[PDB]
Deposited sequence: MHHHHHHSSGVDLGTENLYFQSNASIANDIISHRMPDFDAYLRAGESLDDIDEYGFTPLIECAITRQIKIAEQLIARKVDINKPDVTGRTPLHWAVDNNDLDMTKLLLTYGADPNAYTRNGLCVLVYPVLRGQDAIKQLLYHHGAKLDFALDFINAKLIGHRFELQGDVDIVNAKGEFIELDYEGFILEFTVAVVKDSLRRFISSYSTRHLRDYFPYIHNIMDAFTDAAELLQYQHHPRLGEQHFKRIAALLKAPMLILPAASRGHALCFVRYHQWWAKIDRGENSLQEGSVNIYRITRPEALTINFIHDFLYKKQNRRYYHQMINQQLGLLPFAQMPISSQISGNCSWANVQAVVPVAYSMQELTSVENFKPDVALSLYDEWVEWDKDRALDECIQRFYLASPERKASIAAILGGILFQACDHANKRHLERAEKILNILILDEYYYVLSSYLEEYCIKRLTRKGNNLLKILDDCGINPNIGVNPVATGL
């Protein structure tokens, strides 16, 4: 074709004057959904970006998802492009449509240089930390609905507990594993740490392979990278099908499909096959798998025939029929990849999975509790809302661990300045009508030595 986007992708300096005479604006959204500056950021082309900035393009204009050019430069860990953008007015606290600010991914990936560069130009870390913690809590505790967090301007923005973000999920799962094997309370699991390490490695590669999905036109270097990763011992392939993320794991001659949703009613959650035609696992296979649009028939039948997937084993992973199973599908990668490395004993893998999940629940809760006492009034209100959501939705009065979490939470929700949270709940689920969860909340309050003085009593 003939396009400024195709010029940028092909590393050719565009003839900006010819495109302007043709009636185009250098801020226009191109055929790939991006602006010329966002194309420069994606392709790490700093000279073309300098040219565009010289022609006074909107340096903060995002794509439909809300990713500003600074978002794209930072997600690439490109220090020069990030510095160029920040020099000419890129908002360091811009957030995407889901509320994901510029700092989130560098925080999750431990990229200290770009984090300090963003700090120097005004980025606020609390926004990223609160977003990460709220999303992790909504996923781990299976919370429903929304909650309001505080942006870098002290204003409340909505956050969807149920919204699934794939790259965010991969990053947060890798970081959670890193924190898990580094906790004192998990030293008795030291012998299991090497295998986990490998899993983390795979997750890293997965992140890379996912980022290339945003590129408008993959080239020689992307295919060289895919060829390099096809030689890695372990491979994690998340696939999008029917609005859900299902997961595949390759480890040497073994292949594994993880789908805890509707399909698990027919197949079970986790199936492990032997790859009898490894010669079909090529660059073109990975491209069809990750970078072309495929239907359910491709992921549930075509790949079995192409790779010659011989059924070998299965894992009794619990189904997730209600809601969105993408998060659970990504979580289940850890025990499945562990078991595949063991090659067969799902016992240790499932026990490790349960221990990791419960530890991460308690870690996120402790993060919230610790940040409450150091927080501003608005962030305190947000954290109190999150804790009340945890208490009301995820704590059963017959579970002693849930009761310990409820004690932790009620230490904060009983303060006079925040009791209103509990008040609201008891107003909307105990006085107006006695729901099941309102009854459970009354029971929990009584088992912690708390009389709400509301006129309603539990019904055992």
Without any C-alpha position in the structure, which residue ranges of the deposited sequence would you list, numbering from 1? 1-22, 366-370, 488-490
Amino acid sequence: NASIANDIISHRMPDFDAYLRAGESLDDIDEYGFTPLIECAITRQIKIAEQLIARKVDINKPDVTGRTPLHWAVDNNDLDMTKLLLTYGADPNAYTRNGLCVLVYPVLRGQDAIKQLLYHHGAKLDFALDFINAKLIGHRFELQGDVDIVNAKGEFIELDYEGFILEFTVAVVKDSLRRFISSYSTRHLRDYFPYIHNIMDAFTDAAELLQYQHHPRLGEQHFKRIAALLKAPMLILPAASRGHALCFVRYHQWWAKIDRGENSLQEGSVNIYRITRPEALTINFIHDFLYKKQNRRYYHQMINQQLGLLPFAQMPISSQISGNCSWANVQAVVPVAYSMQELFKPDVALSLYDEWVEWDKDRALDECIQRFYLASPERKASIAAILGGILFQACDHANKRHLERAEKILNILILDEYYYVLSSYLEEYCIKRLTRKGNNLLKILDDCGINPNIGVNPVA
From here on, numbers count along this sequence of modelled residues.
Between 167-175 and 240-248, name whichever shows the higher mean Cα B factor according to the PDB entry. 240-248
Per the entry, where is the mean C-alpha temperature factor higher: 52-60 or 409-417? 409-417
Based on what the PDB entry reports, which of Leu143, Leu374, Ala364, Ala90 has the top C-alpha B-factor? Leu374
Out of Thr68, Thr435, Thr35, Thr43, whose C-alpha atom has the biggest B factor in the entry? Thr435
Considering every modelled residue of the chain and its Cα B-factor in the PDB entry, is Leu189 in the lowest, middle or highest third? middle
Looking at the temperature factor on the CA atom of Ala123, which third of the chain's modelled residues does it land in? middle
Record-listed C-alpha B factor of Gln305: chain third: middle
Select lowest, middle or highest to describe the third in which the CA B-factor of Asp78 falls within its chain in this entry. middle
Using only modelled residues of the chain, where does the Cα B factor of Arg274 rank: lowest third, middle third or highest third? lowest
